[PDB]
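> Quick one: structure below, then a few questions.
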Amino acid sequence: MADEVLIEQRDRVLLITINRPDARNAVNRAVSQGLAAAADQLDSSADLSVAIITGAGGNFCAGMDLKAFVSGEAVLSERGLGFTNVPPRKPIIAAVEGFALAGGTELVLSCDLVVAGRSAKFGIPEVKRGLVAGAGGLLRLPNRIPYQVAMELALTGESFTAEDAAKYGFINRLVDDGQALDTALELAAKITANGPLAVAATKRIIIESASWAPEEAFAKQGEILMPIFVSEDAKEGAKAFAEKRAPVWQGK
Amino acid sequence: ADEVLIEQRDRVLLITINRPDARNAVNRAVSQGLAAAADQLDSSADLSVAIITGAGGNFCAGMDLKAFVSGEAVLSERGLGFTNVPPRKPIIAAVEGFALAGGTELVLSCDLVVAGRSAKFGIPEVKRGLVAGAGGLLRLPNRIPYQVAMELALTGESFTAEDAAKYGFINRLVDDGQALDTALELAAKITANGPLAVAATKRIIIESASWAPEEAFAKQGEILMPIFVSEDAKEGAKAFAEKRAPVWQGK
Amino acid sequence: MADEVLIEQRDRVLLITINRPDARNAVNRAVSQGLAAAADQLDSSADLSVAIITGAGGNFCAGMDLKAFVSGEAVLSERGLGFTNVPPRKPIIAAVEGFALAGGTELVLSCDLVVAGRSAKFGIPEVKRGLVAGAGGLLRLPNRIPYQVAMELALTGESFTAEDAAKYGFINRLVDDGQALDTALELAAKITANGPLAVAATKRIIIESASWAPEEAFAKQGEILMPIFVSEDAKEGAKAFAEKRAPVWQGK
């Protein structure tokens, strides 16, 4: 059987495919560990700038594999359910088709950007069973869409589509079913044209800044900016611009 | 009759401000009765959700100024009714007609909003040289886009349910007079679910805004633990697997 | 050569105009200092309640003047690029036409309200040169429009129009090109109609509340509120309302 997580490098893009189509890409031990390792690979390899996560067979992820867990498999890695608890540092785009409920929705929420087929289905249903979502969905959904919409969805546990969520800026690209990956690939290419460390540092500032004291916010930002300003890539950006040619990025 | 009416319908507490002739302004009896309602909601295991609405087609005109001026102690230990310490369990505002000033701050202390199309909101304090102090400024810029909340707070202008629907401030937008009926359906969607679960989900959504990132999952975990050992959690798994409805206890 | 920053008072409104249209109103030292001193004037003058900032000759601001930086001008003032890092205490409206990229966009984000001509062009393009935007755009854009859209624009560096951005609440008044100043003045008058101290304190609570611990938020608000309750304007506001006459504010 093919690997349950596929990993393919396309220039500065790392394409991560959950590959259990007959289980709608539910997260068992091999998927959780494979996704954690992809995150590590993305962040540790200089010639990568961005990742895309997607699912084989027109479904993204049914969430935790309850059957695998009940048999005795560990579904959590060091980064949580795949990487829900500790998403990667470098930018990652979720390319979502079809079923993406529950842990699948929480995995989507751990990503930075979302490209989705219009029929793609999301949800945080835990309260229906007298449970509460614990893989970050409650920490993040209320910051991606309007507070009262997120609250409604979390309290009713109802499903919602990419098509419905597009008005709230939760869907960076809304396309026809079947188009999410090719669209994600284009968006990734727009990002990887830019300075590798600069796109990473930008993300970092955006995530960390909502934790900073206003008194310190500019100094904290400045700490992250400094290495960028003196990077080799920053030199090449200016040089390439003067010379009317494409920059050649190195990630240093 | 009583200036605040309280009615239990299974797991729903219906709370009605009952001063229609005063457009349901908050005097001492109202503020105290709303605070007492919040206590009853939060202390009663057989309640999961509340709905707050106003008698006679208006929600709440805010602070009763005649009461304030005549020396009534209008603020309760939870603020203007419960603006400052809102209930722990989920609550829905069912808003018709006039909902200005303190009334808008009362709406903003709720979690979800069902409104008649013509319902009127606003934070008009600056027009009188005052500042809104019952939570409006702390919450409105987190419920609609920052610059829209800023604008509304600085001009003091009124805005309707219809205008605000565009920003995700209105969970259900209904023909005028239908807010309570629609809130009762929305409430039933939530009371269908685990009582402890819906309260804890709300709790995490609220308190997460002020957690250090590096401690967010640990803080969250402290709220989840009592849930995963709850009797409702066990009943939810057994009810699903026996293809029947769950019978909740709030334990 | 005219002043690089024009300043005009209309009743309680301070109109601040960046005046280097030859350079598309790029910020050199003269502009940065002019802008900082205009902020100071707004905040220290009791008979002012609100400002409007705009650019002469049909664009807002091209951002940092590169010729100036390169040659050695100390462009950053005490308040940043003009006043990006420490904006005015009192409310300020950006009246934006035409080119408003990079530093210009961050200047806009340092204001509280935006009125823009529909073809106005914003952007945070630093990543394209292997740089990161450092004048507050990354601290602020994600709180004005949806998180993932801000993240996207930050990572792509892609320009966006006022027309595009209006759906997100980033544009308080979207108007035809050429009408931004006129409309900003009408909005400013709607604000100056209200208590000067009350509008400033309202802005302060909105900004600073973002960083208060919940259990202290009402007490901290209480501190900013106390001076308002006992203010002379508070009395005047109630008596003018009672009488249904224009209140005459004093700023105390």
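> Can you say whether A:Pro142 is within 14 Å of chain B (Cβ to nearest Cβ) and crowded, with 19+ Cβ neighbours inside 10 Å, as far as the supplied structure shows?
Values: within 14 Å of chain B (Cβ to nearest Cβ): yes; crowded, with 19+ Cβ neighbours inside 10 Å: yes.
Spelling it out, A:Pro142 is indeed within 14 Å of chain B (Cβ to nearest Cβ) and crowded, with 19+ Cβ neighbours inside 10 Å.
> Need the failing condition index for A:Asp47 against (1) within 14 Å of chain B (Cβ to nearest Cβ); (2) more than 26 Å from B:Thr191 (Cα to Cα), just the number.
The number of the failed condition is (1).
> Moving to a separate point now. So how many residues does region A:209-221 have that are more than 9 Å from chain C (Cβ to nearest Cβ) and either of a type in the set (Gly, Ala, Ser) or in contact (Cβ under 8 Å) with a residue 60 or more places away in the chain (or both)? Break it down stepwise before answering.
Step one: filter region A:209-221 for residues more than 9 Å from chain C (Cβ to nearest Cβ), giving A:211, A:216, A:219-220.
Going one step further and asking which of them are either of a type in the set (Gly, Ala, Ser) or in contact (Cβ under 8 Å) with a residue 60 or more places away in the chain (or both), we end up with A:211, A:219.
Number satisfying all stated conditions: 2.
Per-residue answers, yes or no, for (1) outside any loop (DSSP other than H, G, I, E, B); (2) under 19 Å from A:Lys203 (Cβ atoms); (3) not hydrophobic (A, V, I, L, M, F, W, C):
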site	(1), (2), (3)
A:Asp3	no, no, yes
A:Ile16	yes, yes, no
A:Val31	yes, no, no
A:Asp40	yes, yes, yes
A:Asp43	yes, yes, yes
A:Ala68	yes, no, no
A:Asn85	no, yes, yes
A:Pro88	no, yes, yes
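> Could I ask something else about it? Quick one: which residue in B:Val107, B:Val95 is buried (at least 23 other Cβ atoms within 10 Å of the Cβ), more than 14 Å from B:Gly135 (Cα to Cα) and within 14 Å of chain A (Cβ to nearest Cβ)? Outline the logic, then answer.
Numbers: B:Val107 fails: more than 14 Å from B:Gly135 (Cα to Cα).
Step by step, each of B:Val107, B:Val95 is checked, and only B:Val95 is buried (at least 23 other Cβ atoms within 10 Å of the Cβ), more than 14 Å from B:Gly135 (Cα to Cα) and within 14 Å of chain A (Cβ to nearest Cβ).
> Return yes or no: is A:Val199 in contact with a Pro (Cβ under 7 Å, 6 or more places away or on another chain), aliphatic (A, V, I, L, M), touching a residue at least 12 places away in the same chain (Cβ under 8 Å) and at negative phi?
Working: in contact with a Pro (Cβ under 7 Å, 6 or more places away or on another chain): yes; aliphatic (A, V, I, L, M): yes; touching a residue at least 12 places away in the same chain (Cβ under 8 Å): yes; at negative phi: yes.
In short, yes.
> I want to confirm something. Restricting to region A:70-83 and keeping residues that are farther than 29 Å from A:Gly251 by Cα and assigned to a loop (DSSP other than H, G, I, E, B), which single residue is nearest to the other protein chains (Cβ to nearest Cβ)?
It comes out as A:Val75.
> Residues of region C:111-132 being closer than 18 Å to C:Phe99 by Cα, touching a strand residue (DSSP E or B) at 6+ places or on another chain (Cβ under 8 Å) and in a loop (DSSP other than H, G, I, E, B), which ones?
Within region C:111-132, C:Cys111, C:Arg118, C:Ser119, C:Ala120, C:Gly123 meet the criteria.
> Based on what the data block shows, is A:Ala135 out of contact with any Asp or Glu (no Cβ under 8 Å at 6 or more places or on another chain) and either in a helix (DSSP H, G or I) or in the same structural domain as A:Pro21 (by CATH) (or both)?
no
> Being crowded, with 18+ Cβ neighbours inside 10 Å and not hydrophobic (A, V, I, L, M, F, W, C) is the filter here; which residues of region A:213-231 pass it?
If we filter region A:213-231 for residues that are crowded, with 18+ Cβ neighbours inside 10 Å, which is where we start, we get A:217-218, A:221, A:224-225, A:228, A:231.
Of everything in region A:213-231, those that are crowded, with 18+ Cβ neighbours inside 10 Å and not hydrophobic (A, V, I, L, M, F, W, C) turn out to be A:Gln221, A:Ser231.
> Output the residues belonging to region C:176-191 that are over 21 Å from B:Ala164 (Cβ atoms) and surrounded by 21 or more Cβ atoms within 10 Å (Cβ to Cβ). I'd like the intermediate steps shown before the answer.
Keep residues of region C:176-191 that are over 21 Å from B:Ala164 (Cβ atoms), which gives C:176-186, C:188-189.
Those that are over 21 Å from B:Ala164 (Cβ atoms) and surrounded by 21 or more Cβ atoms within 10 Å (Cβ to Cβ): C:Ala180, C:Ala184, C:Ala188.
> Give the residue that is surrounded by the most Cβ atoms within 10 Å (Cβ to Cβ), with candidates limited to residues of region A:153-173 that are away from chain B (no Cβ under 14 Å) and more than 16 Å from the chain's Cα centre (by Cα). Spell out how you get there, then give the answer.
First pass over region A:153-173, keeping only residues away from chain B (no Cβ under 14 Å): A:161-163, A:171-173.
This time we only want the ones that are more than 16 Å from the chain's Cα centre (by Cα), so: A:161, A:163.
Working: A:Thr161: 18, A:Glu163: 15.
Looking at the filtered set, the residue picked out is A:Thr161.
> Right, next: Mind checking which pairs have a first residue in region A:64-92 that is of a type in the set (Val, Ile, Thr) and a second that is surrounded by 19 or more Cβ atoms within 10 Å (Cβ to Cβ) and part of a loop (DSSP other than H, G, I, E, B), Cβ under 7 Å, 6 or more apart or different chains?
Note: pairs meeting the criteria are A:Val75/A:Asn28; A:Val75/A:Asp65; A:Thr84/A:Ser110; A:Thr84/A:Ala135; A:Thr84/A:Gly136; A:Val86/A:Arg79; A:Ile92/A:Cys111; A:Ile92/A:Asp112.
> While we're on this one: Do we have any residue at all in region A:183-194 that's in contact with a helix residue (DSSP H, G or I) (Cβ under 7 Å, 6 or more places away or on another chain) and within 14 Å of chain B (Cβ to nearest Cβ)? Can you show your working first?
Filtering region A:183-194 down to residues in contact with a helix residue (DSSP H, G or I) (Cβ under 7 Å, 6 or more places away or on another chain) leaves A:190-191, A:194.
Filter once more, keeping what is within 14 Å of chain B (Cβ to nearest Cβ): none.
No, region A:183-194 contains no residue that is in contact with a helix residue (DSSP H, G or I) (Cβ under 7 Å, 6 or more places away or on another chain) and within 14 Å of chain B (Cβ to nearest Cβ).
> Take the conditions more than 29 Å from C:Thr156 (Cβ to Cβ) and of a type in the set (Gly, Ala, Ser) and apply them to A:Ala62. Does it pass?
On the way: more than 29 Å from C:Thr156 (Cβ to Cβ): yes; of a type in the set (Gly, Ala, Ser): yes.
Yes: the conditions hold for A:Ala62.
> So, one more: Exactly one of these conditions fails for B:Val113: (1) more than 7 Å from every other protein chain (Cβ to nearest Cβ); (2) β-branched (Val, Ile, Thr); (3) under 16 Å from the mean Cα position of the chain (by Cα). Give me its number.
(1)
> If you don't mind, another one. Taking the conditions exactly as written (surrounded by 17 or more Cβ atoms within 10 Å (Cβ to Cβ), closer than 21 Å to A:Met151 by Cβ and touching a residue at least 40 places away in the same chain (Cβ under 8 Å)), does B:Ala101 satisfy them or not?
Details: surrounded by 17 or more Cβ atoms within 10 Å (Cβ to Cβ): yes; closer than 21 Å to A:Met151 by Cβ: no; touching a residue at least 40 places away in the same chain (Cβ under 8 Å): yes.
The answer is no for B:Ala101.
> Then there is this: So is C:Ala150 within 14 Å of chain B (Cβ to nearest Cβ), surrounded by fewer than 24 Cβ atoms within 10 Å (Cβ to Cβ), among the hydrophobic types (A, V, I, L, M, F, W, C) and within 30 Å of A:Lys235 (Cβ to Cβ) or not?
Answer is yes for this residue.
> Checking the condition in a helix (DSSP H, G or I), in contact with a strand residue (DSSP E or B) (Cβ under 7 Å, 6 or more places away or on another chain) and not charged (D, E, K, R), which residue from C:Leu155, C:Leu187 passes?
Values: C:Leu155 fails: in contact with a strand residue (DSSP E or B) (Cβ under 7 Å, 6 or more places away or on another chain).
The match here is C:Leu187.
> Can you tell me which residues in region B:227-245 are under 23 Å from B:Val12 (Cα atoms), within 29 Å of the chain's Cα centre (by Cα) and more than 7 Å from every other protein chain (Cβ to nearest Cβ)?
B:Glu231, B:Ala245
> Taking A:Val248 as the residue in question, decide whether it is within 26 Å of B:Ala209 (Cα to Cα) and touching a helix residue (DSSP H, G or I) at 6+ places or on another chain (Cβ under 7 Å).
no
> Looking at A:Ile206, A:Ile224 in this structure, which one is within 7 Å of chain C (Cβ to nearest Cβ), part of a helix (DSSP H, G or I) and either of a type in the set (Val, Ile, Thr) or farther than 21 Å from C:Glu158 by Cβ (or both)? Walk me through it before giving the result.
Numbers: A:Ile224 fails: within 7 Å of chain C (Cβ to nearest Cβ).
Residue meeting the stated conditions: A:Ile206.
> Further question on the same structure: Name the residues in region A:114-168 that are under 23 Å from B:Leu138 (Cα atoms) and of a type in the set (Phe, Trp, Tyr), would you?
Selection gives A:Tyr147, A:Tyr168.
All Cβ positions, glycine included, derive from the backbone under ideal geometry; neighbour counts span all protein chains shown. The values are calculated or read from the model by the stated rules, or taken from the named source; no laboratory instrument gave them.
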